[PDB]
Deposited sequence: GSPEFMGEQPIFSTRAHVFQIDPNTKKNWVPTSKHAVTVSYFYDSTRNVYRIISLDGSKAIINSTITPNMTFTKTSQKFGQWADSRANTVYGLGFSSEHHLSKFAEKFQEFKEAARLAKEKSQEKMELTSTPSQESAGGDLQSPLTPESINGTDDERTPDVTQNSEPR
C-alpha cells in the first residue's frame, strides 16, 4: 500500500497516453502494470488521479466536473485532461476493474463539483470632495 496520507481508491492498470504535439496516437506510459489512485489533496481542495511509476508521477490529473471518462474497448478506458494537455488511457486486468474505475470517476466528478462550490464574502449596506477609498490596491 502507501505510506502517509491514504488514497480513497486504488486500482491496477497499464498506463497509456496521447500527446497533442506528437504525430503518434496512443503510446505506452508504463511498460508494466502500475497503481492508479484517486487522491484528495486537502491543501488544494481538489481530487487528483495519481499514478506512480517507481518514484515519479506518470499521472497527475486534477479531476474537474466536465471531465469525461469513456470506456472504448475491452478493459480500456480514457479521459482527456485539458490542463495537462494530455489524454490518459488505462488498460485494466478485467472488465470489472474497468467499470469500477469508471463508476469512481463519476463519483469524484460530483465531489469535484461540490469542492469547487465550497472553494465567503461579507455583504454590507453602503458605508454611512474628499476620497474615502484606499490609496493603493495592495
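Colleague: Please list, in sequence order, every stretch of the deposited sequence that lacks C-alpha coordinates.
Modeller: According to the deposited record, C-alpha coordinates are absent for 1 to 3, 123 to 124, 134 to 138, 149 to 168, which together make up the missing parts.
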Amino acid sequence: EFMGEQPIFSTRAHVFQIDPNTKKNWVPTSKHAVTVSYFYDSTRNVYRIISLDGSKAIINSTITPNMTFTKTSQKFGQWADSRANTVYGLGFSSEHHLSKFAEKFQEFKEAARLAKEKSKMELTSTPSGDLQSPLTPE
From here on, numbers count along this sequence of modelled residues.
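Colleague: Higher average CA B factor in the deposited record is what I'm after, so tell me if that's 110 to 118 or 12 to 20.
Modeller: Here the higher of the two C-alpha B-factor means belongs to 110 to 118.
Colleague: Looking at the entry, does 28 to 36 or 74 to 82 show the higher mean C-alpha B-factor?
Modeller: Looking at the record's C-alpha B-factors, the answer is 28 to 36.
Colleague: Determine which member of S51, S99, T43, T64 has the highest CA B-factor, using the values in the deposited entry.
Modeller: So the option with the highest C-alpha B-factor is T43.
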